[PDB]
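Shown next, in structure tokens, is the structure this report addresses.
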Amino acid sequence: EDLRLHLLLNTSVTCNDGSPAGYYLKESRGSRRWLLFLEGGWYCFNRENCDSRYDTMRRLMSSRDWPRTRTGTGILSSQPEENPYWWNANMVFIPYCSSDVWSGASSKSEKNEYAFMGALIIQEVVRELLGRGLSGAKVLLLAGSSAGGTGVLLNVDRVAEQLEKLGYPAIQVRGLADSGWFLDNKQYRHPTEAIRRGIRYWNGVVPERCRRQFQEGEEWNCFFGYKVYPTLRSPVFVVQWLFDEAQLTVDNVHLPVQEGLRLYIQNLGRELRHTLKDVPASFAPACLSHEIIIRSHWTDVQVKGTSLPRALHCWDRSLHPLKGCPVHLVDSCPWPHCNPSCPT
Ligand SMILES: O=c1[nH]nc2ccc(Sc3ccccc3Cl)nn12
Ligand SMILES: *[C@@H]1O[C@H](CO)[C@@H](O)[C@H](O)[C@H]1NC(C)=O
């Protein structure tokens, strides 16, 4: 319970239901490293599916029932045995309560049942943290899992742009996108369309260079990592299971596998591996799983003999190739769990 809740002092930056958004914070005085983690949890794209989400997933739409504390786990742990990478950093967990893949900039109003303010929540958290020690940071790592991982890709350059405009050009803004690198591929049996409808429903915003490439009506393209990543200026480390369970879910794959499905699964991993070929900081194990960075046993998986905490440390060193300390770690074996270190 080591991170303490702070609801946003600007109570107009709200969760879906108009309750104030917030963040959980554990300060580490003397550390100039700040980790801001974006929670995931899918999204909702119209009044009717948002109403259903409000009935049975309300913590993802409201702060009314949030606990006063949370325990930092995985990359958010302050214990060096659990977090070899950044155990001494200032830890921030930003709850996902906007249902908009962290892209929205719309308030609840006469015409809007729900507020979708994910992009503004991030910017307000950053602004309020500056008075709490973030002004002295040397590195701000914006991390996230699942919808939060996509949120990193959508927001990392805006955070960098915010800090420059606020007069803090010495803070190095970086991104860590976990399990948010998806493919707009063909389903195995019969997301782009839901993201398309969602952006309109949310007033969703995408990075500016990506917006300018794809232009009006096509901003949904920027929710897909392989399309938005090349447009980003901030350093971004991409973590993605080659056979992500959420990718298979949207592909209508549910796991004695016959030839058609075997070929589909192998092609997906290849598509995967191909989109990461030009991503120099990446960690992509050949496993059927979902998320990594805030799991307590995130240290266990290895690609080519290197763990993710090591790869992230090598990435830090690279931002000061390195002998025995690699940053590009993508499995080449073609089937789930061909890497023996995959989670059970
Ligand atoms: O939070 C979780 N867990 N698994 C998933 C899968 C997709 C999403 S949103 C999304 C993001 C980028 C592209 C397409 C979509 Cl649809 N969020 N999510
Ligand atoms: C509160 O947040 C809203 C939305 O970002 C912004 O328009 C407003 O100016 C903020 N208020 C203050 C006092 O910063």
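Mapped onto the deposited numbering, the consecutive letters of the sequence shown carry residue numbers 87 to 276, 287 to 351, 355 to 419, 428 to 451. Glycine is no exception: its CB is placed at the ideal position from the N, C-alpha and C atoms.
Here residue 120 carries a strand assignment [DSSP, helix/strand/coil]. Of the residues 292, 230 and 213, the one whose Cα lies closest to the Cα of residue 251 is 213.
Closer than 7 angstroms to some heavy atom of ligand 2: that does not describe the Cβ of residue 196. Across the structure, residue 220 and residue 118 are spaced so that their CA atoms are roughly 8 angstroms apart. Inside the stretch 120-195, DSSP marks whole beta strand (DSSP E) runs of 3 or more residues at positions 176-180, from first to last along the chain.
For residue 298, the distance from the CB to the nearest heavy atom of ligand 1 is not below 7 angstroms. Short note on residue 287: C-beta closer than 7 angstroms to some heavy atom of ligand 1.
Around the beta carbon of residue 440, fewer than 16 other beta carbons lie within 10 angstroms, which makes this residue exposed. Here the C-alpha atom of residue 236 lies approximately 31 angstroms from the C-alpha atom of residue 356. In the DSSP assignment, no residue is bridged to residue 389. When distances are taken from the beta-carbon of residue 392 to the heavy atoms of ligand 1, even the shortest one reaches 7 angstroms or more. Distance from the C-beta of residue 127 to the nearest heavy atom of ligand 1 is below 7 angstroms. Contact between residue 238 and residue 229 holds: CB atoms are separated by about 6 angstroms, below the 8 angstroms threshold. DSSP links residue 262 through a beta bridge to 229 and 333.
Per the Cβ contact rule, the stretch 98-109 is not in contact with the stretch 249-269 (fewer than 3 Cβ pairs under 8 angstroms). Closest option to residue 102, judged by alpha-carbon separation, among 418, 254 and 148: 148. Rounded to whole angstroms, the gap between the alpha carbons of residue 433 and residue 174 is 22 angstroms. Of the candidates 294, 176, 382 and 156, 382 places its Cα closest to the Cα of residue 340. Here residue 169 is buried, its C-beta having at least 16 other C-beta atoms within 10 Å. The Cβ atoms of residue 223 and residue 120 lie closer than 8 angstroms to each other.
For residue 409, the enclosing alpha helix (DSSP H) stretches over residues 407-417. Here the alpha carbons of residue 156 and residue 90 stand approximately 7 angstroms from one another.
Exposure of residue 165 is indicated by the presence of fewer than 16 other C-beta atoms within 10 angstroms of its C-beta.
Under the three-state reduction of DSSP output, residue 100 falls in the strand class. Look at the stretch 291-342 and you find these whole runs of beta strand (DSSP E), each 3 residues long or longer: 332-335. Here residue 428 is exposed. Its C-beta has fewer than 16 other C-beta atoms within 10 Å. Remark: the C-beta of residue 221 is outside contact range of ligand 2, defined as less than 7 angstroms to any heavy atom.
In this structure, the straight-line span from the alpha carbon of residue 331 to that of residue 242 is close to 9 angstroms.
Here the distance from the Cβ of residue 232 to the nearest heavy atom of ligand 1 is below 7 angstroms. Going by C-alpha positions, residue 436 is about 26 angstroms away from residue 317. Relative to residue 209, the option among 294, 122, 197 and 196 whose CA is nearest is 122. When secondary structure is reduced to three states using DSSP, residue 373 falls in the helix class.
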